[PDB]
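Just one chain follows, in the form deposited in one PDB entry, and it is written as structure tokens.
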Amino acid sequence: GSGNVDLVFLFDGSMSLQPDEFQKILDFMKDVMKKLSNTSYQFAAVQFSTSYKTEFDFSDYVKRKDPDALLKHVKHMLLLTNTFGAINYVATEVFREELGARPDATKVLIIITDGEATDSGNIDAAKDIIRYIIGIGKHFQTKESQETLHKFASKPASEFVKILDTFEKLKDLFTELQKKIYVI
């Protein structure tokens, strides 16, 4: 339709993440934004743990644009992993016209986490958002834990759930993303 994509990074700041691992999440987000600067994509980023913080809104991105400056002042929260609550927060408190969301854009949520959710609920309010979940590291070693992530993602899980055994594999994920960039 409009050809516009409003994309939110929803990233884990729980106590499980070591300092260097948290930085690699931030570096990955910055790589994606830099590669897609000056396009029809708009970005916002939200850190979640026990509660949620909008690190920058869509309007901040449009005004400042520099991914380095925009994520420079992120404080690691180091609490729990309330992923149900975080998704509902994005759907009702971030995707809003008064915060710079474009009303007819395609909405996309990229969830990066290194643990199973410590809450529960439903995400019906977020169901018109395209949802990718990237699950990283040892807490997703087993098949049963990988499957807990299906609930958050759009369907099929085979396209929308990405499991990475280490944080260094975020770089491989960015290599694969770039092979899919086209001028249309």
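In case it trips you up, residue 1 is the first one in the sequence shown, and so on.
There is another form of this protein, the form deposited with a partner chain bound, and it is not shown here; the text below is about that form.
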| query | finding |
| --- | --- |
| Partner contact for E116 in the deposited bound form: the partner chain, 4.5 angstroms, heavy atom | yes |
| Exercise: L80 in contact with the partner chain in the deposited bound form, heavy atom 4.5 Å | yes |
| Any non-hydrogen atom of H150 within 4.5 angstroms of the partner chain in the deposited bound form | no |
| Any non-hydrogen atom of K138 within 4.5 angstroms of the partner chain in the deposited bound form | yes |
